[PDB]
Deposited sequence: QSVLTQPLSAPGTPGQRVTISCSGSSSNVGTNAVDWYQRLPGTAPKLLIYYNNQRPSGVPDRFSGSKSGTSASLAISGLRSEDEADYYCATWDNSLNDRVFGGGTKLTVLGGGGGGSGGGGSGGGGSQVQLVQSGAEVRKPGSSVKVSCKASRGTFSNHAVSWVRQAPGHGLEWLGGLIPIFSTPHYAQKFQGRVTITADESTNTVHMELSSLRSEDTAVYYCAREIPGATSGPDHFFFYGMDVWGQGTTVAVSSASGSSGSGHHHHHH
């Protein structure tokens, strides 16, 4: 797991730097991504592959990594930069995607459509779906991530575009099923034996591949495009 400073102060113009410390099972050897989450909206990929900006990201965000610790750097610090910053990577030994706890910063094209924002009793199950348009899950991994209110991001699992094989994070194996109907360009996350622990906003995201021909974990180098989120309450 990845340690982030819980908080970070900044004043306009000034340059601020979030840090992310990991083990070698992660960060050390695998690519690190940074996500930004403003309220109401969905998390946004700032940096992937340690230091790469995806298009649409200001030259203001820079990323670096040294040994077992990565760093997000904001240089011209606007006010609209006030949000939660997260830090992500694969962890060998856990064999899962793994998120930083979050840093709150305080100051002074393909599209995915999830659906079915809904309510449910404990003990039941939910099936969220996510439909693609002007793009596909054909050569890309898709991730499911949730955020319980006032909590960090949490990886439920993924779909690898080889035989449509699922991959379930430790905490969730047995409760989660992830499937695809590629005729409809949709991916489906079904979580069962629910509880209030699970009330959250659920997201569906497509992964930038680091490598298409290697071991699975190279499919997940960064979630560049997100659904809108689906709220689920118990």
Go through the deposited sequence from residue 1 and tell me which stretches lack C-alpha coordinates, in order.
-> 1 to 2, 111 to 127, 254 to 269
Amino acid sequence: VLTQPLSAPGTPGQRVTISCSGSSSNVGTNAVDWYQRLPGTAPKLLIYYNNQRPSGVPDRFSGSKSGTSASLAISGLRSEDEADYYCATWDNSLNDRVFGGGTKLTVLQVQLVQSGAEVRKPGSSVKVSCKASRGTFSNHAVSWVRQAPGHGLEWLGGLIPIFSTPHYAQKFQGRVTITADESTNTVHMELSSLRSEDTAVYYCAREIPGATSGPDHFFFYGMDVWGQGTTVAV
From here on, numbers count along this sequence of modelled residues.
Identify the stretch, either 98 to 106 or 70 to 78, whose C-alpha atoms have the larger mean B-factor according to the entry.
-> 70 to 78
Stretch with the higher entry mean CA B-factor, where the candidates are 130 to 138 and 82 to 90 | 130 to 138
For 215, 222, 12, 22, the deposited C-alpha B-factor is largest at 12
By the entry's C-alpha temperature factors, tell me which of 156, 159, 153, 117 sits highest.
-> 117
Of the three thirds of its chain by CA temperature factor, lowest, middle or highest, which one includes residue 27?
-> lowest
Chain-relative CA temperature factor third for residue 174 | highest
Considering only modelled residues of the same chain, in which third does the CA B-factor of residue 60 rank: lowest, middle or highest?
-> highest
If you rank the chain by CA B-factor, which third does residue 234 end up in: lowest, middle or highest?
-> highest
Which third of the chain does residue 194 land in by C-alpha B-factor: lowest, middle or highest?
-> middle
